[PDB]
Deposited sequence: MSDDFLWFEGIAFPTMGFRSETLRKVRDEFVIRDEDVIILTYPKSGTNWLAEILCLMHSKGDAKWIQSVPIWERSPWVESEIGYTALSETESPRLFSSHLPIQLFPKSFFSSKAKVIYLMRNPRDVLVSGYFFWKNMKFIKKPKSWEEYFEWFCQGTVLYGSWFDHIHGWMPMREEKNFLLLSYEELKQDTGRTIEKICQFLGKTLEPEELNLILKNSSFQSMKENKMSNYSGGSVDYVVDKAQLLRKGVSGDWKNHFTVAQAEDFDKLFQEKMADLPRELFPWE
């Protein structure tokens, strides 16, 4: 399909990305031991976690996050813009990727860089991407909700199948330098999740800094910040369980059975959702 850039069997937008750069990310891009990296399948909460990590760095202070765009603060490494920015950024770098593991820099796997993998209920991911992308250029636009649902289930969407992305990355979950989080836990107890992030990154927070990190990374505050919430909004609703307002009963039924079949080989305990 020539509405996507196809690279190693995975779909990317037709503007912003270059197959030469994607090859270099895999083969050449040097990961430093001080790097902190956010990994997500698209629409799983990348920007929320980028905001939290920025607010950790600035101790809850908001001037920086309110005056520099979030995509400059946490560049998207496989994108042309992210790639070149990062090779000129001083440690410690913060950045993110949506790459499935077979495309991720080789350099990472023998380094000590810390990655946080954020997963989200793929039914909520499907809804989120549907609304964000549905009128965007340089992707294949679906004729309908039903068609986009079909693509998503078949993995013919940006960054390929959700099921493969997750299978690719789950074998890393017991590594010391890999934190596995979900959007559901992050939404349900933000404080306790930010504390998991602290232990992992070895940071300590004062009580007042914590209050401020919680305040400024909540949905309501981020939504107002135009540097972070980049005519369909990145911050659309910010809940778990919205898939219910959008899946038909038949789509729900089809998806439950595709999920149980694809994920049968992984501990059910990994996925905190119904």
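- Unmodelled regions (deposited sequence positions with no C-alpha coordinates, counted from 1) are 1, 232-241.
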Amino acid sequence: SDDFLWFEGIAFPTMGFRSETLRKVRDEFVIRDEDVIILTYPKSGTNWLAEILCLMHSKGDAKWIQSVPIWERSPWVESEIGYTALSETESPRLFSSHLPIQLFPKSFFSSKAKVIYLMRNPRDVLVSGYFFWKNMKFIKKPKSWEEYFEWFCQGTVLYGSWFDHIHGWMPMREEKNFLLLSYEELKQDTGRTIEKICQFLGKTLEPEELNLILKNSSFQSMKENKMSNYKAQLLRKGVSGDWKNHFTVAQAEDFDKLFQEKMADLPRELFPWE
From here on, numbers count along this sequence of modelled residues.
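- The question of which stretch, 168-176 or 82-90, has the higher mean Cα B factor is settled in favour of 82-90.
- Set 131-139 against 152-160 and average the Cα temperature factors; 131-139 ends up higher.
- In this entry, the residue among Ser144, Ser97, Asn121, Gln102 with the greatest C-alpha B factor is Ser144.
- Take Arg32, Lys63, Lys43, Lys215 and read off each C-alpha B-factor from the entry; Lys63 has the highest.
- Ranked against the other modelled residues of its chain, the C-alpha B-factor of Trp71 as given in the entry falls in the highest third.
- Per the PDB record, residue ranking by Cα B-factor puts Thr204 in the highest third of the chain.
- When the CA B factors of the chain's modelled residues are split into thirds, the value for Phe219 lands in the middle one.
- Placement of the Cα temperature factor of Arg26 within the chain: lowest third of the modelled residues, per the deposited record.
- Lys114 sits in the lowest third of its chain by CA B factor, as recorded in the PDB entry.
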